[PDB]
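The structure under discussion appears below in the form of structure tokens.
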Amino acid sequence: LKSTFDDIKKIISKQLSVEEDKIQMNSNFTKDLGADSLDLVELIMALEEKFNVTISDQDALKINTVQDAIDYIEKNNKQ
């Protein structure tokens, strides 16, 4: 759709399932639905583990918003 959605849908699909129709609200990934730290941190750990970035905890406030997400992968990975 936008950009990060690619890895975002791959991490969430491999972690739990495909909730793109119930996760993409442009609000938050840990607040909007508030799934669970284990899952949230999980799918995220993979996104960066595959992109090879220097993310750590910021991912909990960089991907939460579809806007910040696409800007987080375009500013860091820039690809």
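Remark: relative contact order (the chain) = 35 percent; criterion is Cα-Cα distance under 8 angstrom and separation of 6 or more residues.
Here the simple spin-label model places points 7 Å from the Cα toward Cβ, and for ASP71 and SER13 these points are separated by 2.7 nm. Phi-derived couplings, Karplus 6.51 cos²θ - 1.76 cosθ + 1.60 at θ = phi - 60°, listed residue by residue for segment 16-24: 10, 5, 8, 10, 4, 8, 8, 10, 7 Hz, with x used for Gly and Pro. With neighbour counts taken as other beta-carbon atoms within 10 Å, the residues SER37, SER3 rank, fewest first, as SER37, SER3.
Counting every other Cβ atom within 10 Å of each residue's Cβ, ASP7, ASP57, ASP71 order from fewest to most as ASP57, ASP71, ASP7.
On a straight-distance basis, which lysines could pair with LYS10 in a cross-link, Cα separation under 17 angstrom, same-chain partners fewer than 8 positions away excluded? Straight-line reach from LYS10, under 17 Å: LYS2, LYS22, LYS50.
Heads up, the Cβs are rebuilt from the backbone with ideal geometry, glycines too, and the neighbour counts pull from every protein chain shown. Bear in mind these aren't lab numbers, they're just calculated from the coordinates by the rules spelled out.
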